[PDB]
Amino acid sequence: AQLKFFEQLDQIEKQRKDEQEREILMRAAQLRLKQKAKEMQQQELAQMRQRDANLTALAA
Amino acid sequence: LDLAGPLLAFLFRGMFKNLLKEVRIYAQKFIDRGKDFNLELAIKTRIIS
Amino acid sequence: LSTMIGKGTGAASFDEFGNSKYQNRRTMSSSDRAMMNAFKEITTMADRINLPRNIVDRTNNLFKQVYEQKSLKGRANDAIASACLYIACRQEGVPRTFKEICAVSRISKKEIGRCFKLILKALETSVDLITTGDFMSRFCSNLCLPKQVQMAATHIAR
Amino acid sequence: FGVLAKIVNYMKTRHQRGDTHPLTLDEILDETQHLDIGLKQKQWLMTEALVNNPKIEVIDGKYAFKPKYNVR
Amino acid sequence: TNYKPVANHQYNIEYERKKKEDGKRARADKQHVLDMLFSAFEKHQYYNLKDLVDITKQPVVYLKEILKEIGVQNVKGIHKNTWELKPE
Amino acid sequence: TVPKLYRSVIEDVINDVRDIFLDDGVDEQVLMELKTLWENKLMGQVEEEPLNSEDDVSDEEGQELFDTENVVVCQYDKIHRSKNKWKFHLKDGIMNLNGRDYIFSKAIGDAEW
Amino acid sequence: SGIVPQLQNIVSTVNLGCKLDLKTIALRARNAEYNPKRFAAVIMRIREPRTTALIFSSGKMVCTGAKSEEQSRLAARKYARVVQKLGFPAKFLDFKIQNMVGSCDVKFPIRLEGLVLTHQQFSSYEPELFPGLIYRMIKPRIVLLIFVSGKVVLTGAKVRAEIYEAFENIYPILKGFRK
Amino acid sequence: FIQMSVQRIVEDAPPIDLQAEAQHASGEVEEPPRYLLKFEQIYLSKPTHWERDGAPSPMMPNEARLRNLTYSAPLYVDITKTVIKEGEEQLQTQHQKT
Amino acid sequence: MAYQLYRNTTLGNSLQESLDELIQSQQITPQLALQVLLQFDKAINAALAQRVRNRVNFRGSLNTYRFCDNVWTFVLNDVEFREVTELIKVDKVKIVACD
C-alpha cells in the first residue's frame, strides 16, 4: 500500500509532464484546461445517453 | 459622345448587380433554414426588363 | 396618407455620426404590408410564365377579397396567392395546370389545391370545368409543333 | 455542478415542506439517489464556492434558512 | 424548359423527408429534463432559450414551464433579456 | 463460421476491456480467469359503466412471461404496415433459433395479423 | 331505388373518465404501440372486431374501422376493458358516433361533367386534384364522392339514417346523368 | 451592346458566395454548406410576344406599334451552382438558359 | 449506459454468469462487472455491424406486436426463415428490435 502511494505520486508527476510538456506544443503552434473543458461537455451527453439505458432495461 | 450602346450598358450593369443582390438575399434565407433553394425561383425576372 | 424624406443636401442632414434622415421613415400597417408583399409575389409568379397584366389584376382582386374575408388566415400567404393566380387563370379562360402554377411558386401542388378549394368556398363562386382544348395552344407552342398538328391534336382530344 | 443546482432545488422543495431542519450534504445526496465519493468532494468544493454566494442560504452548521423574510 | 411543371420542388421534398424522419420533439419526464438542464448550466452560466431548446430536445412550452419553475429571466446588457438556469 | 465469429468477438471484448482494467487499478489476471470461465460455461344495458358484461375477451399472457421459445434481437431501419400485413427491414442483428445462433445483415420480413 | 349503402368505417369517441399513463399502457398491452415523437396517443388494434383505437392520456378514446354501430360500441367497450385490466379505472362515458362512412354502386357510368354543370353550387370536380366528384349535400350534411365508374362513397354522417337519406337524395340526380 | 457588353457584364460580376450562419449549433467545423453561383454564356432569343394563352409567338414590329406592345427579346443565362457541404464531395449542377 | 440488446442472449447470459461467479469469489467488484458488460455491448455491436455481410429472409404470420421507446416486440407464429443457402422452420418467434 505504501508502494501504491508512491506509484500514485509518480502518476501525478507524469500527468504534470504531459500537460506542461505540450502546454508548450499549443504555444509553439492550457492543455489541461482544454481537457477539463472537453470533460465538462460530455456530462450532458452522457446522462441524455444514460437514462435511455434505464428505460430500455424496463422495456426489455 | 455616348450612344445607345454605352448608355444601355450602364443601365444593365446597375440592374444586373441588383438582380444578383436579390438572388443573394433570397437564397440566404433558404440556406439559413437548410432548404436547397431553386435558382429559377431566386431570379426576379422583372428587374432587368 | 403618408410621405417620406430623403437625404436632402449635405450639411446638417447628417449629424454626430451620420444620423441620415433623423431616422428611417417607418410607414404602414400589417393589413396592408402583407397584401403588398402578396402583390409583389403574384407579379413575380405571373412574370415567371409571362402571364398578362389583366390576369395579374384579377389575381390581386381575388387575393384582396380572400384576405379581407379571412377564412384562410391560417394558410400561409404564398399558397393563397398561388391559388388566387390559378383561379384567375381559370376565370379568364386560359387555365394553367396545378403543376404549372407550382413550377413558379414555392408552394407545393397539394397546398395550392387545398387553398384553391378554400378560396372557392370563401368567395362562394365557381370556375368552369377545364377541357382538353384549353391546354392545346400552350402545349403545342411549347413543343414547337405546326399549326396543323395542333389542330389535329385538339380535334383528337375533343 | 448541475447536480448541485438540483440539490438547491431539492432543499427549496424541502422549505416547501416546512419541516426544514439543520441538515448536511450526505443525507441529501442519498435521498436524491447520488453517491459519496471524491466526486462529492469536488462538488463540495463547488458547494463551498456556493457558500460564498448562497443567496439560497447554505451555511455550514445549522442552516438552509433561505428566505430573507420568513415568519409563519 | 424553364419553369417546367413539377408537382413539388425537389428541395422542399428533401426538407420534408428530413423533418418527417426526425419527428416532433417528445415531452420527456420532468426529472430527466431537469437533470439535462442542470448539466447544461454546468457547462457555463448563461444560456439562450433557443439553444437551450436545442440542447434539451423538448417542446418549447414544456421546457418553458419547467424553466419558469426554477430558472428566472434576467434583463441584461449581453444582448437582451435571457434565462438564468441558477434557481436563485 | 459462427464459432469463428465468436472467437473474433472474444478478442475484441478483451482488447476493449483492457483499458478499463487498467483504469480501475485491477490486476490483469481477472481477464484471463473471465475468459476461461466464459468459454467453459458456453461450451339493453342502459347503465353501461360495468365492463364485466363481457369476459374472456383476451388471450394467454404467459408467452411474454415464458420467452423460452426462439428469440430474435436486432435493429430496425424501416417497418411498414398496410391494413393487413407487417413488413420488416430489420438490419444486422442476432437470432436464437433452436439454441443454434444465426447471424445476418439484412433481414426482410412479411407477416399477417 | 333498390340500392342501400353499406358501411365501410365508423368513427366513435368515448371518454374513459380517468387519466392514463401511455407508457405503461404501451408496455403492458398486447397490440398497442406508442411513438410520442410520431403521435401523442397510443394506437391499439383488435382483430375480432377488426378495429383500431387511439387512446390519449386525457382518458378520451377514438375507435375506428368498425363496420357496424354495434361493432363500434363493442370494440370501444373491449378497449376500455383492456385498459381497465391494466389496472386503470377505465369507464364507458358519453360514447358517441362522430362519423360514418358508407359505400355503394349505382351500376352505371356517370357523366360528372353534366352533374357539376347542373349542381355547381354543391359540386366540385377537379380531375387534377382528385378524379372523383365531391358533392356537398345540404339537407343531410353528407359529402359524397361520385366516380365515373358509378361507385359512390358517403361520409360525414352521424347516424345510418343520414347515409341512407343522402343516397336516396342523390340517386335520382345521378339517374338524370346516366352515361 | 448586345453582342459583347451584356456578356462582359455578366462575366465581370463576382460569383455569388453563400453559406449558412452556423446552422444547428453543432461542432460546426465548416459544417454549414457553401453555395457558389457563377453566371455564364448569355443567350438572346428573337423578339417574342406571349399571348393570354401563354403560347409564345414572334412579335412583328408593326403589331407592337398597333397593340402598344414593347419590342423586347428574352434574355437567357447559363448558371452553374456548386454545393460544398464539407462532405468531401462537391456537386456542380448546371442550369441551362435560365 | 448503452444500447443493451444482446445481454438477454446466450452470449450475454454466459458473460453474466461468469461475472456472477467472480463476484461470488470476490475476484471482481460489481462496478467492474458492469463495466465489462458495457464494453462487451460496445464490442458486440461493432462486430455485428462490421463483420456480418450476409442477407437473410423470412415469412410467416404475426400474432402480437408492441412498441414503446423505439422498441418493437413483435410475436410471430409459424415462421419460415428462408435463406439462399438454407431454410429453417420455427413454430413461434419473438422479434425484439431497437434503433
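We number chain G the way Swiss-Prot does; in order, the residues shown are 159-337.
Cβ coordinates are placed from backbone N, Cα and C, and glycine is handled just like the others.
Noted in Swiss-Prot for the protein shown:
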REPEAT    G:165-241  repeat '1'
BINDING   G:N167, G:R203, G:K218, G:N257, G:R294  DNA binding site
REPEAT    G:255-332  repeat '2'
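A map of Swiss-Prot features onto the structure.
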residue : record           : DSSP class
G:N167  : DNA binding site : strand
G:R203  : DNA binding site : strand
G:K218  : DNA binding site : strand
G:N257  : DNA binding site : strand
G:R294  : DNA binding site : strand
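Close to G:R203 (DNA binding site) in the fold, though at least 6 residues off in sequence, lie G:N189, G:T209, G:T210, G:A211, each with a CB less than 8 Å from its CB.
Across the residues annotated as binding DNA (G:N167, G:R203, G:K218, G:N257, G:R294), the widest Cα-Cα separation comes to 32 Å. Checking the binding-site residues G:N167, G:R203, G:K218, G:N257, G:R294 against chain E with a Cβ-Cβ cut-off of under 8 Å leaves no residue at all.
Sequence-distant neighbours of G:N167 (DNA binding site) (same chain, 6+ apart, CB under 8 A from its CB) are G:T222, G:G223, G:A224, G:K225, G:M258, G:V259.
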